[PDB]
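This report concerns only the one structure given below.
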Amino acid sequence: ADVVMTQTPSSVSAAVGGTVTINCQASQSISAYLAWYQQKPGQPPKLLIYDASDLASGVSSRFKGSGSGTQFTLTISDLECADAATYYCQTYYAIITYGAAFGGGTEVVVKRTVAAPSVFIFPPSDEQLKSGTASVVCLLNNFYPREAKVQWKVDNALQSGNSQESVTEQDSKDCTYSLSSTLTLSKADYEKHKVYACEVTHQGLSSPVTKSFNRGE
Amino acid sequence: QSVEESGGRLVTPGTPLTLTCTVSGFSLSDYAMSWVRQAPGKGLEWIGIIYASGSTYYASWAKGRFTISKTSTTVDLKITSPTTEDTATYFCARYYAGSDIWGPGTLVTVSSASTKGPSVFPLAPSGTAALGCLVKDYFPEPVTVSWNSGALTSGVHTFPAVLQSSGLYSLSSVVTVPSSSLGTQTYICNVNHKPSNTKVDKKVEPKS
């Protein structure tokens with residue numbers, strides 16, 4: 001049967017300058033025929049380590065592979081924001097018999113000091129209103145840590161069920177996230193209310209920040 | 001040495017689809033090649049390999065569901081009878097000691113829904129200002145966004161697409177800029193949805 005690579009943990013974290021450890025366990029012995037890869041968002045994987053411990057050309061010696069047989073480790077030292085990515089192991093022992101499965105992946109989260117978001121609200125465009133729908137967007141820009149609470153109110157009534165959040169991955173220079181919350185209403189419903197408000201709660205904000213507009217003003 | 005995948009597109013379930021891996025700067029008579037895929041948000045999945053001498057080997061779940069073949073300079077992956085398990089980005093990769101050379105990937109979408117190009121709406125700016133473009137209601141993925149034809153990159157955030165309950169995708173792209181530049185600089189988002197042949201340039205400015 002195909003070799004299975006059990007990769008743990010699913011996520012691991014340390015501060016800038018710190019070290020993380022990522023593990024893989026092969027279902028039977030694969031000797032030293034193990035590779036490690038980095039995959040940044042939107043990109044193909046990049047080979048870091050082959051034959052369990054040998055560095056691919058150009059790769060920083062901050063990346064260290066160890067192990068043999070059934071247990072392997074990737075250790076990333078002097079962690080940088082640019083290391084925020086998903087890492088994968090892969091067997092290539094006797095592929096013709098056992099296949100070349102990847103482990104399930106491990107995310108690396110790079111910790112830093114608290115950074116409050118800047119908050120912005122955007123009303124729907126007049127052009128969009130011709131579609132019969134209105135999108136209202138609240139932007140939280142460049143914050144850390146990830147946890148953030150976005151509250152929508154329309155004429156002071158709490159909203160739910162009509163919004164969707166999207167979040168970026170950690171920035172490669174400053175380790176922050178950005179987030180959009182998009183409230184979608186019909187044009188007809190949008191035109192029945194005046195005050196549109198996004199209130200943000202975040203560890204870096206001493207009290208919540210509200211951005212709002214009045215329809216038509 | 002490099003490779004590049006092509007052929008990823010929207011197909012209806014059950015329609016065979018062939019992807020192509022074009023290689024350059026090395027010979028397929030010297031190296032094996034694998035195909036790997038990755039469903040949105042998920043992990044890498046090794047599909048199979050074709051050795052220099054032509055023998056093919058597949059993951060246990062791939063046997064009978066994919067065919068790998070090659071010419072002198074390309075490797076193909078045929079997906080015999082696509083399902084939604086097959087919606088994914090597919091990569092080809094050269095094998096040496098591990099997989100060292102990878103392509104950018106090609107995206108396959110398996111669905112009965114129709115292609116639809118996006119509408120692009122301004123996120124108009126209200127000492128740092130934010131502005132953006134809302135790219136709404138498109139299918140299938142992907143969309144790309146640049147600002148000022150690539151001249152503006154600092155402070156840009158293009159959010160991952162969301163799939164709306166309508167079955168259509170949406171995303172926004174935003175940028176922060178000096179508030180004093182709103183009066184004097186021009187900010188244009190360049191939106192490309194190749195599946196629908198849509199390319200839109202939208203100037204984003206304060207609402208009068």
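Please note that chains go A, B, ... in the order of the structure tokens, that every chain numbers its residues from 1, and that ligands are numbered from 1 in the order shown.
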Exercise for review: Write down as number ranges by chain the residues of segment 94-143 of chain B whose backbone DSSP state falls under strand (DSSP E or B).
Suggested key: B: 94-95, 99-102, 106-110, 116, 119-123, 128-139
Using only C-alpha atoms, find each residue of chain A with at least one atom at most 9 Å away from an atom of chain B; report its shortest atom-to-atom pair and that distance in Å (one decimal), sort the rows by chain and rising residue number, and return the result as a Markdown table.
```
| residue | atom | partner | partner_atom | distance |
| --- | --- | --- | --- | --- |
| A:1 | CA | B:60 | CA | 7.8 |
| A:2 | CA | B:60 | CA | 6.9 |
| A:33 | CA | B:97 | CA | 7.9 |
| A:34 | CA | B:98 | CA | 7.2 |
| A:35 | CA | B:98 | CA | 5.6 |
| A:36 | CA | B:98 | CA | 8.5 |
| A:42 | CA | B:104 | CA | 8.8 |
| A:43 | CA | B:104 | CA | 6.7 |
| A:44 | CA | B:104 | CA | 5.7 |
| A:45 | CA | B:102 | CA | 7.1 |
| A:46 | CA | B:100 | CA | 7.3 |
| A:47 | CA | B:100 | CA | 5.7 |
| A:48 | CA | B:100 | CA | 8.9 |
| A:49 | CA | B:98 | CA | 8.5 |
| A:50 | CA | B:98 | CA | 6.0 |
| A:51 | CA | B:97 | CA | 6.8 |
| A:56 | CA | B:100 | CA | 8.4 |
| A:88 | CA | B:44 | CA | 8.0 |
| A:90 | CA | B:98 | CA | 7.7 |
| A:91 | CA | B:98 | CA | 8.0 |
| A:92 | CA | B:98 | CA | 6.5 |
| A:95 | CA | B:57 | CA | 8.0 |
| A:96 | CA | B:57 | CA | 6.3 |
| A:97 | CA | B:57 | CA | 8.8 |
| A:98 | CA | B:59 | CA | 8.6 |
| A:99 | CA | B:59 | CA | 6.0 |
| A:100 | CA | B:46 | CA | 6.4 |
| A:101 | CA | B:46 | CA | 5.7 |
| A:102 | CA | B:44 | CA | 6.4 |
| A:103 | CA | B:44 | CA | 8.0 |
| A:104 | CA | B:43 | CA | 5.8 |
| A:105 | CA | B:43 | CA | 6.4 |
| A:120 | CA | B:130 | CA | 7.0 |
| A:121 | CA | B:126 | CA | 8.0 |
| A:122 | CA | B:123 | CA | 5.7 |
| A:123 | CA | B:123 | CA | 7.5 |
| A:124 | CA | B:123 | CA | 7.6 |
| A:125 | CA | B:122 | CA | 6.5 |
| A:127 | CA | B:121 | CA | 7.1 |
| A:128 | CA | B:121 | CA | 6.6 |
| A:135 | CA | B:134 | CA | 8.8 |
| A:137 | CA | B:123 | CA | 7.9 |
| A:139 | CA | B:130 | CA | 8.6 |
| A:141 | CA | B:176 | CA | 8.6 |
| A:164 | CA | B:162 | CA | 7.9 |
| A:165 | CA | B:162 | CA | 8.3 |
| A:166 | CA | B:159 | CA | 6.2 |
| A:167 | CA | B:159 | CA | 6.3 |
| A:168 | CA | B:159 | CA | 5.7 |
| A:178 | CA | B:157 | CA | 7.4 |
| A:179 | CA | B:159 | CA | 7.8 |
| A:180 | CA | B:159 | CA | 7.7 |
```
**Study point:** Non-local contacts of residue 204 of chain A (6 Å; only C-alpha atoms; under 4 positions in same chain excluded) as an MDAnalysis selection string
**Key:** chainID A and resid 114:116
Exercise for review: Name the residues in contact with residue 203 of chain A at a cut-off of 10 Å, using only C-alpha atoms, excluding same-chain residues fewer than 3 positions from it; report them as a count of residues only.
Suggested key: 14
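When only C-alpha atoms are used to compute distances to residue 186 of chain A, the closest of the residues A:18, A:132, A:161, A:69 turns out to be A:132.
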Practice item. For residue 196 of chain B, list every protein, DNA or RNA residue within 12 Å, evaluated using only C-alpha atoms, and leave out those in the same chain fewer than 6 positions away; present the list as a VMD selection string. Key: chain B and resid 9 to 10 114 to 119 137 to 143
Put those residues in a file: N, CA and C atoms, as a PDB file, in the first residue's frame.
```
ATOM      1  N   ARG B   9      -9.281  24.654 -17.040  1.00  0.00           N
ATOM      2  CA  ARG B   9     -10.455  25.407 -17.461  1.00  0.00           C
ATOM      3  C   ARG B   9     -11.678  24.832 -16.758  1.00  0.00           C
ATOM      4  N   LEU B  10     -12.814  25.482 -16.971  1.00  0.00           N
ATOM      5  CA  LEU B  10     -14.097  25.000 -16.498  1.00  0.00           C
ATOM      6  C   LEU B  10     -14.592  23.914 -17.441  1.00  0.00           C
ATOM      7  N   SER B 114     -22.251  28.258 -15.636  1.00  0.00           N
ATOM      8  CA  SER B 114     -21.709  28.960 -16.792  1.00  0.00           C
ATOM      9  C   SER B 114     -20.656  29.977 -16.389  1.00  0.00           C
ATOM     10  N   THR B 115     -19.746  30.245 -17.307  1.00  0.00           N
ATOM     11  CA  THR B 115     -18.790  31.327 -17.112  1.00  0.00           C
ATOM     12  C   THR B 115     -19.535  32.652 -17.005  1.00  0.00           C
ATOM     13  N   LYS B 116     -19.081  33.519 -16.103  1.00  0.00           N
ATOM     14  CA  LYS B 116     -19.641  34.846 -15.932  1.00  0.00           C
ATOM     15  C   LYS B 116     -18.512  35.796 -15.578  1.00  0.00           C
ATOM     16  N   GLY B 117     -18.376  36.883 -16.316  1.00  0.00           N
ATOM     17  CA  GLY B 117     -17.391  37.890 -15.979  1.00  0.00           C
ATOM     18  C   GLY B 117     -17.848  38.812 -14.856  1.00  0.00           C
ATOM     19  N   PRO B 118     -16.889  39.418 -14.147  1.00  0.00           N
ATOM     20  CA  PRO B 118     -17.219  40.256 -12.991  1.00  0.00           C
ATOM     21  C   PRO B 118     -17.690  41.640 -13.381  1.00  0.00           C
ATOM     22  N   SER B 119     -18.394  42.266 -12.448  1.00  0.00           N
ATOM     23  CA  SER B 119     -18.588  43.705 -12.434  1.00  0.00           C
ATOM     24  C   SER B 119     -17.565  44.288 -11.481  1.00  0.00           C
ATOM     25  N   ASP B 137     -19.189  38.954  -8.529  1.00  0.00           N
ATOM     26  CA  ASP B 137     -20.071  38.064  -9.260  1.00  0.00           C
ATOM     27  C   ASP B 137     -19.431  37.464 -10.501  1.00  0.00           C
ATOM     28  N   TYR B 138     -18.393  36.661 -10.320  1.00  0.00           N
ATOM     29  CA  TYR B 138     -17.733  36.026 -11.444  1.00  0.00           C
ATOM     30  C   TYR B 138     -17.615  34.529 -11.221  1.00  0.00           C
ATOM     31  N   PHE B 139     -17.384  33.823 -12.324  1.00  0.00           N
ATOM     32  CA  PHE B 139     -17.238  32.381 -12.260  1.00  0.00           C
ATOM     33  C   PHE B 139     -16.551  31.945 -13.548  1.00  0.00           C
ATOM     34  N   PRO B 140     -15.634  30.974 -13.511  1.00  0.00           N
ATOM     35  CA  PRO B 140     -14.969  30.337 -12.371  1.00  0.00           C
ATOM     36  C   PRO B 140     -13.831  31.247 -11.901  1.00  0.00           C
ATOM     37  N   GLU B 141     -13.049  30.772 -10.946  1.00  0.00           N
ATOM     38  CA  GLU B 141     -11.789  31.427 -10.629  1.00  0.00           C
ATOM     39  C   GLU B 141     -10.798  31.181 -11.768  1.00  0.00           C
ATOM     40  N   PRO B 142      -9.737  32.005 -11.874  1.00  0.00           N
ATOM     41  CA  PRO B 142      -9.326  33.065 -10.951  1.00  0.00           C
ATOM     42  C   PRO B 142      -9.490  34.460 -11.561  1.00  0.00           C
ATOM     43  N   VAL B 143      -9.354  35.458 -10.692  1.00  0.00           N
ATOM     44  CA  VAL B 143      -9.233  36.872 -11.039  1.00  0.00           C
ATOM     45  C   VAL B 143      -7.891  37.347 -10.515  1.00  0.00           C
TER      46      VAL B 143
END
```
Study note, to complete from the structure: What separates atom CA of residue 167 of chain B and atom CA of residue 202 of chain B is a distance of 24.7 Å
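Using only C-alpha atoms, the protein and nucleic acid residues lying no more than 6 Å from segment 16-30 of chain B, apart from those fewer than 5 places from it along its own chain, are residues 1, 2, 3, 4, 5, 6, 7, 52, 73, 74, 75, 76, 77, 78, 79, 80 and 81 of chain B.
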